[PDB]
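Notes follow once the structure below has been shown.
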Amino acid sequence: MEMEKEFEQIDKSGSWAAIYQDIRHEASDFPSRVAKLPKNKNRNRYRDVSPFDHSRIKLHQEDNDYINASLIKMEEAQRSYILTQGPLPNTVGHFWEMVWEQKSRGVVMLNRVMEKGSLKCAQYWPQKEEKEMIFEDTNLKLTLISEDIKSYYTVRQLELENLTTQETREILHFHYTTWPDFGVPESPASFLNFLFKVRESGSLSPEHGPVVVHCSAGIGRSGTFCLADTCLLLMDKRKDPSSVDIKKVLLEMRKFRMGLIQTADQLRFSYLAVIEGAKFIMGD
Ligand SMILES: CCOC(=O)Nc1cccc(Cl)c1
């Protein structure tokens, strides 16, 4: 059923809450035993958001391999994403270790460091060229190379150095800075343009490791970003674009990380994103 019609049918009936609860009821439940070990309590931002054991990213160290991060592998679309929480004061070095070990080209940030008067994630990248950051626990150095500030997002070039081998890599930081403190954006235009700027960069392409995507918990805004990208890729690839079922794609992604899309308003915004995506590409 053409999703644009399914959309108007749900909107006219005001059933967004009912659709959303159906998804919550059918979603996968897999064990997260490593996340709940007592040694890992200060590595988790939220007690109710954990990576599944089967899909968690492992750090390459014998001490403790745990990070709150999941590999979302979309087989038909041929895309992979790592979805993670915003880094904590004691996990900023783990975060950059993961970016290094997984060969990621891009980091996508969908939150501000402070929102609603509270800290949503650590200040994990340098704000001035001449004041670099060293992570002594993981032996990494991070330098700000350049910054391009636009009305709805900022792009930064960063240099990550493995201090053990003196190898360096260029990491691109895509920072969406205008998601409102409450609810979802009124139009998906600036979000879709952000997604197009991440695509343009090569960060989502198979020649690199998976993109790292985060917000505060790494399930809500982060869920919306990967769901819209995968749905628009499938509508490009298939003979029948109208066959793409956004509820079935979301349930596939929920096999790999719990809780993706946190509210009925985020579900409606994701539909609007794909629906409005398909025009400007296909019809007018
Ligand atoms: C066949 C459907 O494919 C799309 O609608 N692609 C698309 C549209 C707008 C923005 C961006 Cl980033 C991608």
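Every residue gets a Cβ built from N, Cα and C, even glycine.
Between the candidates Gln127, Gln157, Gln262, Swiss-Prot assigns the substrate site shared with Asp181, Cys215, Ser216, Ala217, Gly218, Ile219, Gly220, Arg221 to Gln262. Of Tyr20, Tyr271, the one with phosphotyrosine in Swiss-Prot is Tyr20, while the others lack that note in the record, though it may still apply to them.
In Swiss-Prot, the feature phosphoserine is attached to one residue out of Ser50, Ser205, namely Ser50. Per Swiss-Prot, the residue from the list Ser203, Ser242 bearing the note phosphoserine is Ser242. Considering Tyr66, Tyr152, the record held by Swiss-Prot lists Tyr66, annotated as phosphotyrosine.
Per Swiss-Prot, the annotated phosphoserine among residues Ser55, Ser243 corresponds to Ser243. A separation of roughly 9 Å, to the nearest angstrom, links the Cα atoms of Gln262 (substrate binding site) and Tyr20 (phosphotyrosine).
Across the fold, the C-alpha of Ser216 (substrate binding site) and the C-alpha of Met1 (N-acetylmethionine) stand 34 Å from each other. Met1 (N-acetylmethionine) is 26 Å away from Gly220 (substrate binding site) when you measure Cα to Cα.
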